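To start, the structure under review is shown below, and the notes come after it.
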Amino acid sequence: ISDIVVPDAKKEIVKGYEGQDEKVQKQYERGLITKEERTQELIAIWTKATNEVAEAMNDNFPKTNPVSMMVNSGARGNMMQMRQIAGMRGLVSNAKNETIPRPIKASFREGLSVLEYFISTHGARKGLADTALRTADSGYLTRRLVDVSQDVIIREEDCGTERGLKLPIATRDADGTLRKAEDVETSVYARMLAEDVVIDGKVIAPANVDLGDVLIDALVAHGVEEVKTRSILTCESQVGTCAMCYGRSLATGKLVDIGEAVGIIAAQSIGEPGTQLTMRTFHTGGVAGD
Amino acid sequence: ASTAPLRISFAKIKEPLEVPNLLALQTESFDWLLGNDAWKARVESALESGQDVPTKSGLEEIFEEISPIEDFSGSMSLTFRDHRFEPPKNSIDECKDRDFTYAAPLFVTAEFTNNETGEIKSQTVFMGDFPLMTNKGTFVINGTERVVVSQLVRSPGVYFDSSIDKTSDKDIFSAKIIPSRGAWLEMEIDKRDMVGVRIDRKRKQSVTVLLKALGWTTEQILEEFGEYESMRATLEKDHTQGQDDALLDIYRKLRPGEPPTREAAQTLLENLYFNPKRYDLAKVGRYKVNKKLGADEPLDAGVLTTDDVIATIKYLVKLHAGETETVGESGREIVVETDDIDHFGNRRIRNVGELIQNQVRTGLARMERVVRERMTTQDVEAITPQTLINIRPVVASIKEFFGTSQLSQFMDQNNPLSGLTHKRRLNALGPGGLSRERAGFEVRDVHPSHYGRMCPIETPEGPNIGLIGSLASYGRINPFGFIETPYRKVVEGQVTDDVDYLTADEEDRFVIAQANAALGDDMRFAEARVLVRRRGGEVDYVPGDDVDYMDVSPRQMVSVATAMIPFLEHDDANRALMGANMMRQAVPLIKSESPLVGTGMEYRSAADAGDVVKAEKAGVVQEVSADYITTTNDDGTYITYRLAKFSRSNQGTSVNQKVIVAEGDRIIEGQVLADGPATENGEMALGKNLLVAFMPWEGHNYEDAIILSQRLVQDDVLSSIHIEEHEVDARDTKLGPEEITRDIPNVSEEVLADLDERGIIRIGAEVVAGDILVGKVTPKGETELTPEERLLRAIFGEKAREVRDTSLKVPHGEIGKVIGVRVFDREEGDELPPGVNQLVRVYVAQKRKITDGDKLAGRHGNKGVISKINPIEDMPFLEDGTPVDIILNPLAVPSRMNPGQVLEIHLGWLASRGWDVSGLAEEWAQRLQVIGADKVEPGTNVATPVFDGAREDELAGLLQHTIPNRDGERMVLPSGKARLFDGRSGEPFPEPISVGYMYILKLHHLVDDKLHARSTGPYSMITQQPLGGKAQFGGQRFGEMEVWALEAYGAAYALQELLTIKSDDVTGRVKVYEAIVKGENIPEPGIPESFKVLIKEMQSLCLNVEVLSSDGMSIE
Amino acid sequence: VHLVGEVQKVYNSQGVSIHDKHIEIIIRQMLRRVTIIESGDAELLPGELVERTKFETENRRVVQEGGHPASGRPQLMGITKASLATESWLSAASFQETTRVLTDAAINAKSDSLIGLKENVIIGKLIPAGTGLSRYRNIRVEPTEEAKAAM
Amino acid sequence: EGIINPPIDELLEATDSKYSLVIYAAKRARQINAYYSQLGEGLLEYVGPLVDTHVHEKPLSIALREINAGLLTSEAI
Amino acid sequence: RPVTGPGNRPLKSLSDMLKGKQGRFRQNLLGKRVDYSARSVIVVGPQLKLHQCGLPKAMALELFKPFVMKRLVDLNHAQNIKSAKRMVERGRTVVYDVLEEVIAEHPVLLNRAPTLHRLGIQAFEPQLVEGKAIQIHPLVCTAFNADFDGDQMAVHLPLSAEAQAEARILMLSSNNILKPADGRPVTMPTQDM
Amino acid sequence: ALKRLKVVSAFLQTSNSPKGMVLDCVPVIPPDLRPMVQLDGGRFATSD
Amino acid sequence: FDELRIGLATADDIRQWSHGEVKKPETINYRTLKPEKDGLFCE
Amino acid sequence: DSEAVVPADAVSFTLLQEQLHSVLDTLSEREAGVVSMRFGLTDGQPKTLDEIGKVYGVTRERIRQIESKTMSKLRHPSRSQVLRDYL
Ligand SMILES: [Mg+2]
Ligand SMILES: [Zn+2]
């Protein structure tokens, strides 16, 4: 009970907000503001309040406590979970994707109120129903992907061709400097250059060599802005797809073996996070199709 | 007074209304259906009290519905005036033991009256046995306890839906009249800027043809409807005119292929809607349609009228044209607005009474058809009420009602709370209702209307999430079928001690406050500002004297299983869901103990359930004993309660009952005399309370798994009886009869050591897998001795006899001490099904102790498998040596967002070591002193209601002021953590650790059930692959995703063997077994058999699927 | 590029990361067919899906024969349609459609070559992927002569 | 004294592939199992375990040990 | 309307067997049931090595019945094969000793039901262990996406020499450090360590 | 016309005659594949 | 196993597959529990 | 189903066949042969004693006497320990 300390300042700040809030209600009672405008300003004001109390709690906590140790380390949990365990929960999705005007002001440590628990439940069951559905759809998608992706097996040691594919080695280069791509790993790593590269008249990255940290670092240092990687798309193999174009596998960290089933592996990997995605528009916004 | 044992209450607000009879839903519904003395007593009590109630019973109503039958001549008539019951012949205990459906006779007086004879002949007839419902709301059918659960259905009436079509770029409005029984009708306006009607959606048609088909003329039509341009446009574009023209046109459209007939068209239209039989709108249907359409007092019971149809036209178009308020046709002014189906005013529960009433109504409909047919084929003066009625349909329906019904469910007796929860569930799935495949997002999701009428917290987490839910705590059923809920009455800002039951619609009009809102010393509101809720689930506040109703109890929105949890408010809704769903599985233990910390409502949840045996008189006990207890009232009546002892439940757990009362103690009515499974002093007890400490420990409690001492194994703390029952029949076959005998053939001598004289295992003979329970031998089989068998028999001189052994044997992997054997004999007076000469059942009972794999869990949805059972020494003990009985991963509680369990642990520690608080002059001290929970002795239970639980200031102060347990020091620091000396390395843990008492249950996911294995066993017939299930030695399924993974690995040989040798190849299985035992290398797999099945089947569709080789025909 | 980017950003919306090759294989599989247009000299129908390899072979055949090639345009179709319009009816039959595919295969009288994975899992034979390939399975094992010389 | 007792990398570099290694070891293991099940015919073509053997053993472990030692060789047809 | 037959349900049809989730194709040719397999609840045992899994005594005994029979015949603990069958069914101590002797060097494929990605099926070294629940190594738990709330895990047995070869080389639980999705470590969970 | 050409050409190239549309003789599934297996209790178990 | 040729099954082919002809709806004698003559299940 | 060949029963029967045939091979050639025909180990139809006395060239009483002799010899405890357990 003494581990999770609610921020002392919270009460003060929130009552200030609440004070401000009731003023709006007063100036809504006289008809000077439309109900929709009141709802919008209130949702914005409570978003501000919950963000501010989140920051206040983040400052409050000392680094030596259990929850910080097991969240910062990446062991388990996440910042927002501690936010709604210690700080106020905030805006909660009303049924059929709406927001309420009076979000939850108490933390799970302090204990919700009856209606507050009731509104939180409105979102909780929806989430469970949604997950059950997303698992179903993810399974269906995985089956379709595996079916369409089968019959693609690696059946040649080396491709006959030299055509490659142009990918961005490095981008978002600030002024007077070269900056590598933010998502360089998922795109260009584990690919084999179709042809060598010369920048100072000397070969930097030899051909048919999978790329890693040292080589990519060297190539960005030399200042090359693009790269030409051989890839499965440009494969010209008389039988299936060659090993060279697929590049090294990933579960082993070595060149893909002849006869491995890349198709089922790709389908399984693409279908695996289908259950983990679980994302949806927070609110329709009153417009359909936008 | 002494109703329950003392339990300190941490509540802060006094409660006017007590919880109603928690089982009222079933008992009152079935009393109404029976219309017995209790129901009519309730009816007259309500009438003299002024409360509305249906004055007419359920059975007599359905009887009176069937008017006396009239032949084409209408000469004769059969009146079913009076119905009556007689006491059932079989006792409830007798029915359960002898496999008889608990039922009683139902007689009825049939009066035959014929005008031609001018005579009345009265005679009583008997329509069959009627399954009755015991006083604990279970139908004991075929010796098994079923329960019928309510059903959520859209009430009949009008429903208007407003939507938007992207193609049209404009709003669309539709209407649907949903009847109770008849065919359905719809009314869509401006589908393409015109209004049209769906008469069962047969074909496209207009409204003008419908109105003209009715007697209403065009002139009056346009006079009434000249103010809405949509209808004038529809009228003018309609070229057809005249009633006859419209009628013949609509008949041709509805039934093409024959020339139109005026009279047949009129009778068809009358039959489809106006007929009182084909369109019998339920009483709720009319009751809601009059309110919705605004007509003032239409016909109380009957079909829709043309007046209703025109009123619906007017309402629909008023909605379309945009006006929000309009004069109701033949009614007062009303808001015209779209109505959402999901609102709970539109949802109706079919209590068991209405379900069985519908079924018996269908049966009587078949009876009516049968008697009418008999009348058409019978001569006069040879007709008596005795002979004409065939009772087969009614009995066949009320018996098939229980079977093949999604609503007659096998009762679950895992514990009394599982019983109550199965009673109160309102299953949306079932006939004529929302099915699994029809499920959508909207129906499952909680609605604002659900508050107080359907707990949103608890529901199965499976694919049927939210479809099945438990009724609220205070819920009561409106006679039409809607769900009520109480509210206290407020006036001039003063809360009054009056309660009114509001339904799901009357709630919307008013504004409802919150019970939690503080109240001053006087009955006025302490604070002008008070949270309230209003129409549409709004939560806006309204200060000052404006409210009129407030919730009577803060626990209104929570059901019984969810009300059990303590510190519920602090848990996330998801973890509360899991905790409440789990708690319907805890098995009773050898010695049940009430939780140290728990909601104060557990006493009601225990007493209300029918497992506890309470007294119906206020007397003095005279003979207390294990089997039975005798009570004597001052009047003189003696009654001996017979307590069940170790009798199997539905799920296979003991139902042992203890005895709590002393010899001469005084008793009061309803008081608890004998304790039940998972109970203590009449209070609920589904588990024990262990000493829990939160710390990771060597990784044995990694990923939420559990570590517990050997103290629980040693001291029998967590151990459960389990009684399994399996039976055999000595059936007579063509070749001969089966003999239950001790002389089993082709057996050793010592196997039949403990068998009794006739071939029955003795009572108390501990058994293991493979033991012979009851001996049985086949009469004969045509034996053609093989050459090897012939030669061997010749060498050893043994006679292989026609009689063959087929005796029942203990299933593999099973242990236990037999406790009771039952035998039923054909030749004896006992009745058996045909063919089975003798039946034998044996009870094997064991005491399963808490072991590795046996699932364990707490109350707040924290659950895990045991990973290791350390010796008592290795447990990290406390400063005073008390070894912590169980460890738990702390990594759980933050991420799972169930910090209620930490509060529970601290409060349990507080409960175990009492506290004294007197004259402390602290705010929390003042609150506890006024509540009365200031001076608490050690060990006493403590209660924190589900929403008025102890505040954190109270816990902090009490921890500061705990009673010194030994030598004058408190082992727990003010922070709620204590010093833990690691038992293994010995060296104290570097920092204090949280410790306290947590209530842990033993779930029914015991490892002994889950554990299964298979070398080789049975197989299926149509396809030779192994069969599934544990009872039949069934291999686990190597489904599609498994072969996907194996193909991904590239391991092709393993896939080949897993798909051909290890199943689906008859030639390969014996070969692989022989190869392994002989040590020879595995042989080459053949072609599987399932592919051959497919080839033949596709050859039976006239597709010549020919397997071919590159060089001509292939070899197979 | 567009498909890869869209699906990759959809995944990165959460934080999961799937290497682009996995997407690339499927996207290559979707683009495999081509829609034939101006089917004058090729003599087959116009405006139907045809596999790229067959298109190239037919174009080479007709230009060798002297006739001018029939035109074709790239066409993208969903994974479902691509799977259904496959050479191996057995794999198609084991898919969602199990009536239309059987019927049309019967009408066309197409013999299903056993090349592929699922159709070799139905039969129970060895999947041509990994250890089941011809080159790995044809070897012979003997020790060296010096091994026999020692013992 | 375990499944991972013979490390894999030496085998991979010895056979130059991974599936080739498993099929080749499986052929050798089949041969040695069949030899242990000779029970008296003494066919000349058959050859016993080249490396020392325990009183009870699984043939595949012996085959893998032989590959790791390297004295065994394979030639594709 | 279909030919309802009894009236409770449409009657099955030739093609109806050849279609749908329950059709022959997708239920009895792609995914079949298998002999030499088992299932049970799973618990965490940290003292194991990465390439080891526990199989409870009754489970392992019933899995390896052919091999236990062969070994008991060879060691003369049982006279002949039928007496060996009776001896194993009785469950005398000699049977357990032979079992501990025989499971060694025989991989077993542990497998969880969803098997989302190819790391769902992983070979392991079996090992006798008391209780009735499979002991497993927490390092490989996250590869299955398996928690220890309660989660039954199937166990399959590779029979032939080739299958056990693949289970030792390809499917071993120590040669699958890297997840195939993006080639980052998956076999270093984080919950407690 | 495109669909009609597709089907007619598919039939013309194939040797099997179109008259297979109308079956004259109905093949029957072998009995074991539609088992009337005896069931204990004097009852029966039959496939549709 | 090289190709699973499938096509239209003509009447002559169906006759070739058949080893007889079913002539009754008989299945099994109610008393002998044995297959009848020339009906379903006929031996 | 009941028509399935239980692998354990089939393999036990095969082992019984092998053990029994070995046991007869222990006996003399003529004795083993005559008992085999008397009990039809070679062919599913065992031959009566006189029925054996046609191909072998012995009289029905002579073959009977050796049949009695075979049954005795296989009844000594020597060639009985192995076949007792197989039943
Ligand atoms: Mg789980
Ligand atoms: Zn290539």
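In the structure tokens, each chain is lettered A, B, ... as it comes, each chain's residues begin at 1, and ligands are numbered from 1 in order of appearance.
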
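Using only C-alpha atoms, the protein and nucleic acid residues lying no more than 9 Å from segment 117-125 of chain A, apart from those fewer than 4 places from it along its own chain, are residues 92, 93, 94, 95, 97, 100, 104, 112, 113, 129 and 130 of chain A; 444, 445, 446, 447, 448, 451, 456, 457, 465, 466, 557, 569, 572, 573 and 574 of chain B.
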
Can those selected residues be exported to a file as a JSON list (two decimals), in the first residue's frame so that it contains N, CA, C and O atoms?
```json
[["chain", "number", "residue", "atom", "x", "y", "z"],
["A", 92, "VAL", "N", -12.48, 7.60, -21.11],
["A", 92, "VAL", "CA", -12.80, 6.20, -21.36],
["A", 92, "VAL", "C", -13.82, 6.14, -22.48],
["A", 92, "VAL", "O", -14.75, 6.94, -22.53],
["A", 93, "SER", "N", -13.63, 5.18, -23.39],
["A", 93, "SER", "CA", -14.51, 5.09, -24.55],
["A", 93, "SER", "C", -15.90, 4.63, -24.12],
["A", 93, "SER", "O", -16.08, 3.50, -23.66],
["A", 94, "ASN", "N", -16.88, 5.51, -24.28],
["A", 94, "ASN", "CA", -18.27, 5.14, -24.12],
["A", 94, "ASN", "C", -18.63, 4.06, -25.15],
["A", 94, "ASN", "O", -17.89, 3.83, -26.11],
["A", 95, "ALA", "N", -19.76, 3.40, -24.93],
["A", 95, "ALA", "CA", -20.26, 2.42, -25.89],
["A", 95, "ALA", "C", -20.32, 3.03, -27.29],
["A", 95, "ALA", "O", -20.33, 4.25, -27.46],
["A", 97, "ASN", "N", -18.18, 3.66, -29.40],
["A", 97, "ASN", "CA", -17.10, 4.57, -29.76],
["A", 97, "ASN", "C", -17.49, 6.03, -29.56],
["A", 97, "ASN", "O", -17.55, 6.83, -30.51],
["A", 100, "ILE", "N", -16.91, 10.25, -22.93],
["A", 100, "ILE", "CA", -17.76, 10.80, -21.88],
["A", 100, "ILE", "C", -17.28, 12.20, -21.52],
["A", 100, "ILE", "O", -16.12, 12.54, -21.80],
["A", 104, "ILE", "N", -12.71, 9.59, -15.57],
["A", 104, "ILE", "CA", -12.45, 9.01, -14.26],
["A", 104, "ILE", "C", -11.36, 9.83, -13.58],
["A", 104, "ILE", "O", -10.26, 10.00, -14.12],
["A", 112, "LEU", "N", -12.13, 3.25, -7.71],
["A", 112, "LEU", "CA", -13.10, 3.93, -8.54],
["A", 112, "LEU", "C", -14.43, 4.11, -7.79],
["A", 112, "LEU", "O", -14.67, 3.50, -6.75],
["A", 113, "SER", "N", -15.27, 4.97, -8.34],
["A", 113, "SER", "CA", -16.65, 5.12, -7.88],
["A", 113, "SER", "C", -17.52, 4.13, -8.65],
["A", 113, "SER", "O", -17.07, 3.47, -9.59],
["A", 129, "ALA", "N", -14.38, -8.56, -26.46],
["A", 129, "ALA", "CA", -15.10, -9.01, -27.63],
["A", 129, "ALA", "C", -14.24, -8.76, -28.85],
["A", 129, "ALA", "O", -14.14, -9.61, -29.74],
["A", 130, "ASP", "N", -13.61, -7.59, -28.90],
["A", 130, "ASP", "CA", -12.80, -7.24, -30.05],
["A", 130, "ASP", "C", -11.63, -8.21, -30.19],
["A", 130, "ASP", "O", -11.35, -8.67, -31.29],
["B", 444, "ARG", "N", -23.23, -7.85, -27.50],
["B", 444, "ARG", "CA", -22.35, -8.23, -26.40],
["B", 444, "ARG", "C", -22.00, -7.03, -25.53],
["B", 444, "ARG", "O", -21.91, -7.15, -24.31],
["B", 445, "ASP", "N", -21.80, -5.87, -26.15],
["B", 445, "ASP", "CA", -21.30, -4.71, -25.43],
["B", 445, "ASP", "C", -22.28, -4.28, -24.34],
["B", 445, "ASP", "O", -23.50, -4.41, -24.48],
["B", 446, "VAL", "N", -21.73, -3.76, -23.25],
["B", 446, "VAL", "CA", -22.57, -3.25, -22.17],
["B", 446, "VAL", "C", -23.35, -2.04, -22.66],
["B", 446, "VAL", "O", -22.96, -1.35, -23.61],
["B", 447, "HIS", "N", -24.51, -1.81, -22.06],
["B", 447, "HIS", "CA", -25.35, -0.68, -22.42],
["B", 447, "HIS", "C", -25.60, 0.04, -21.10],
["B", 447, "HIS", "O", -25.47, -0.56, -20.04],
["B", 448, "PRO", "N", -25.95, 1.33, -21.16],
["B", 448, "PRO", "CA", -26.28, 2.05, -19.92],
["B", 448, "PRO", "C", -27.46, 1.43, -19.20],
["B", 448, "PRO", "O", -27.47, 1.42, -17.97],
["B", 451, "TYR", "N", -27.33, -1.36, -16.16],
["B", 451, "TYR", "CA", -27.02, -1.12, -14.76],
["B", 451, "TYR", "C", -28.20, -1.51, -13.92],
["B", 451, "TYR", "O", -29.32, -1.06, -14.16],
["B", 456, "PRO", "N", -22.55, -6.28, -15.66],
["B", 456, "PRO", "CA", -21.64, -6.29, -16.81],
["B", 456, "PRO", "C", -20.30, -6.92, -16.49],
["B", 456, "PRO", "O", -19.52, -7.19, -17.42],
["B", 457, "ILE", "N", -20.00, -7.15, -15.21],
["B", 457, "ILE", "CA", -18.67, -7.58, -14.82],
["B", 457, "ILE", "C", -18.44, -9.04, -15.19],
["B", 457, "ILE", "O", -17.46, -9.37, -15.86],
["B", 465, "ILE", "N", -18.84, -14.35, -25.29],
["B", 465, "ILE", "CA", -18.56, -13.29, -24.33],
["B", 465, "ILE", "C", -19.75, -12.34, -24.29],
["B", 465, "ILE", "O", -20.23, -11.89, -25.33],
["B", 466, "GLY", "N", -20.24, -12.06, -23.09],
["B", 466, "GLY", "CA", -21.31, -11.11, -22.90],
["B", 466, "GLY", "C", -22.69, -11.59, -23.25],
["B", 466, "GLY", "O", -23.67, -11.03, -22.74],
["B", 557, "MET", "N", -25.30, -2.78, -9.03],
["B", 557, "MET", "CA", -24.82, -3.20, -10.35],
["B", 557, "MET", "C", -24.05, -4.51, -10.36],
["B", 557, "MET", "O", -23.70, -5.00, -11.43],
["B", 569, "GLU", "N", -13.51, -2.56, -6.18],
["B", 569, "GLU", "CA", -13.42, -1.30, -6.89],
["B", 569, "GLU", "C", -12.02, -1.04, -7.42],
["B", 569, "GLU", "O", -11.86, -0.41, -8.47],
["B", 572, "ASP", "N", -9.12, -3.90, -12.06],
["B", 572, "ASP", "CA", -9.59, -3.63, -13.40],
["B", 572, "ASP", "C", -10.80, -4.50, -13.70],
["B", 572, "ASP", "O", -10.97, -5.58, -13.13],
["B", 573, "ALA", "N", -11.66, -4.02, -14.60],
["B", 573, "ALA", "CA", -12.86, -4.77, -14.94],
["B", 573, "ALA", "C", -12.52, -6.14, -15.50],
["B", 573, "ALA", "O", -13.22, -7.12, -15.23],
["B", 574, "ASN", "N", -11.44, -6.23, -16.28],
["B", 574, "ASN", "CA", -11.06, -7.52, -16.87],
["B", 574, "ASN", "C", -10.66, -8.52, -15.79],
["B", 574, "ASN", "O", -11.08, -9.69, -15.81]]
```

(Q) Could you list, as a VMD selection string, every residue within 10 Å of segment 216-223 of chain B, counting only C-alpha atoms and ignoring same-chain residues fewer than 4 positions away? (A) chain B and resid 208 210 to 212 227 to 228 231 to 232 235 to 236 241 to 243 306 310

For ligand 2, list the contacting residues at 6 Å or closer, counting only C-alpha atoms and all ligand atoms, as a tab-separated table (two decimals) with N, CA and C atoms, in the first residue's frame.
```tsv
chain	number	residue	atom	x	y	z
A	159	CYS	N	21.34	-17.20	-58.73
A	159	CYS	CA	20.54	-16.65	-59.81
A	159	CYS	C	21.42	-16.49	-61.05
A	235	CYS	N	14.08	-11.66	-58.95
A	235	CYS	CA	14.61	-12.98	-59.26
A	235	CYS	C	14.25	-13.39	-60.68
A	236	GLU	N	15.25	-13.89	-61.40
A	236	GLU	CA	15.05	-14.53	-62.70
A	236	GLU	C	15.68	-15.92	-62.60
A	237	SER	N	14.92	-16.87	-62.06
A	237	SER	CA	15.35	-18.25	-61.92
A	237	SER	C	14.43	-19.14	-62.73
A	241	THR	N	12.85	-19.88	-57.02
A	241	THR	CA	13.63	-18.71	-56.64
A	241	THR	C	14.95	-19.17	-56.04
A	242	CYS	N	16.02	-18.49	-56.43
A	242	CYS	CA	17.35	-18.88	-55.98
A	242	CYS	C	17.59	-18.45	-54.54
A	244	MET	N	20.39	-16.91	-53.62
A	244	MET	CA	21.10	-15.63	-53.62
A	244	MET	C	20.13	-14.47	-53.52
A	245	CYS	N	19.02	-14.55	-54.25
A	245	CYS	CA	18.09	-13.43	-54.28
A	245	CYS	C	17.33	-13.31	-52.96
```

Q.
Please find the residues contacting ligand 1 at a distance of at most 10 Å between atoms, with only C-alpha atoms and all ligand atoms counted, and report them as a PyMOL selection string.
A. (chain B and resi 863-864) or (chain E and resi 145-152)

Could you go through segment 14-108 of chain C and tell me which residues DSSP, when run on the backbone, assigns to strand (DSSP E or B), listing them as a PDB file with C-alpha atoms, in the first residue's frame?
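After the write, part_10.pdb holds the following:
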```
ATOM      1  CA  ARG C  33      -0.492 -13.471 -63.433  1.00  0.00           C
ATOM      2  CA  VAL C  34      -1.069 -11.126 -66.378  1.00  0.00           C
ATOM      3  CA  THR C  35      -4.225 -10.156 -68.276  1.00  0.00           C
ATOM      4  CA  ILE C  36      -4.017 -10.953 -71.983  1.00  0.00           C
ATOM      5  CA  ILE C  37      -5.232  -8.265 -74.388  1.00  0.00           C
ATOM      6  CA  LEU C  49      -5.678 -14.312 -66.293  1.00  0.00           C
ATOM      7  CA  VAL C  50      -2.597 -16.179 -67.526  1.00  0.00           C
ATOM      8  CA  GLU C  51       0.583 -17.022 -65.655  1.00  0.00           C
ATOM      9  CA  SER C  71      -0.409  -8.183 -75.912  1.00  0.00           C
ATOM     10  CA  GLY C  72      -0.632  -8.437 -72.146  1.00  0.00           C
ATOM     11  CA  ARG C  73      -0.903  -6.075 -69.199  1.00  0.00           C
ATOM     12  CA  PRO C  74       0.155  -6.669 -65.573  1.00  0.00           C
TER      13      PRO C  74
END
```

Please identify every residue of chain C that has at least one atom no more than 12 Å from any atom of chain E, counting only C-alpha atoms, and report them as a PDB file with C-alpha atoms, in the first residue's frame.
```pdb
ATOM      1  CA  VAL C  16       6.067  -5.189 -34.446  1.00  0.00           C
ATOM      2  CA  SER C  17       8.706  -5.465 -37.170  1.00  0.00           C
ATOM      3  CA  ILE C  18       8.519  -7.959 -40.033  1.00  0.00           C
ATOM      4  CA  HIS C  19      11.448  -8.119 -42.426  1.00  0.00           C
ATOM      5  CA  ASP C  20      10.487  -6.805 -45.844  1.00  0.00           C
ATOM      6  CA  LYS C  21      11.395 -10.065 -47.600  1.00  0.00           C
ATOM      7  CA  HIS C  22       8.446 -11.822 -45.973  1.00  0.00           C
ATOM      8  CA  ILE C  23       6.053  -9.270 -47.463  1.00  0.00           C
ATOM      9  CA  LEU C  90      -5.765 -30.801 -55.359  1.00  0.00           C
ATOM     10  CA  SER C  91      -4.424 -27.782 -53.490  1.00  0.00           C
ATOM     11  CA  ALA C  92      -7.346 -25.699 -54.730  1.00  0.00           C
ATOM     12  CA  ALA C  93      -9.778 -28.389 -53.607  1.00  0.00           C
ATOM     13  CA  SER C  94      -8.237 -28.458 -50.140  1.00  0.00           C
ATOM     14  CA  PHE C  95      -8.903 -24.710 -50.034  1.00  0.00           C
ATOM     15  CA  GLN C  96     -12.130 -22.853 -49.256  1.00  0.00           C
ATOM     16  CA  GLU C  97     -13.832 -23.774 -52.501  1.00  0.00           C
ATOM     17  CA  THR C  98     -14.408 -27.500 -52.704  1.00  0.00           C
ATOM     18  CA  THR C  99     -17.289 -27.661 -55.169  1.00  0.00           C
ATOM     19  CA  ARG C 100     -16.581 -25.217 -57.999  1.00  0.00           C
ATOM     20  CA  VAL C 101     -12.910 -26.179 -58.263  1.00  0.00           C
ATOM     21  CA  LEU C 102     -13.676 -29.898 -58.393  1.00  0.00           C
ATOM     22  CA  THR C 103     -16.396 -29.309 -60.980  1.00  0.00           C
ATOM     23  CA  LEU C 117       3.586 -28.976 -50.740  1.00  0.00           C
ATOM     24  CA  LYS C 118      -0.067 -29.393 -49.763  1.00  0.00           C
ATOM     25  CA  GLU C 119      -0.855 -31.841 -52.570  1.00  0.00           C
ATOM     26  CA  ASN C 120       2.107 -33.944 -51.406  1.00  0.00           C
ATOM     27  CA  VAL C 121       0.787 -33.754 -47.844  1.00  0.00           C
ATOM     28  CA  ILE C 122      -2.595 -35.161 -48.911  1.00  0.00           C
ATOM     29  CA  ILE C 123      -0.987 -38.163 -50.596  1.00  0.00           C
ATOM     30  CA  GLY C 124       1.263 -38.771 -47.589  1.00  0.00           C
ATOM     31  CA  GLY C 130      14.007 -29.430 -47.153  1.00  0.00           C
ATOM     32  CA  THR C 131      14.953 -33.039 -46.453  1.00  0.00           C
ATOM     33  CA  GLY C 132      12.519 -34.320 -49.077  1.00  0.00           C
ATOM     34  CA  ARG C 137      18.032 -38.046 -50.555  1.00  0.00           C
TER      35      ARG C 137
END
```

Q | Interatomic distance (Å, one decimal) between atom CA of residue 434 of chain B and atom CA of residue 347 of chain B | A | 11.4 Å

Q.
Give me the residues near segment 116-128 of chain E as a PyMOL selection string, where near means some atom within 7 Å (using only C-alpha atoms) and where sequence neighbours in that chain fewer than 5 positions away do not count.
A. (chain A and resi 268-269+272) or (chain B and resi 1045+1048-1049) or (chain D and resi 3) or (chain E and resi 51-57+100+103-111+143-144+167-168+171-173)
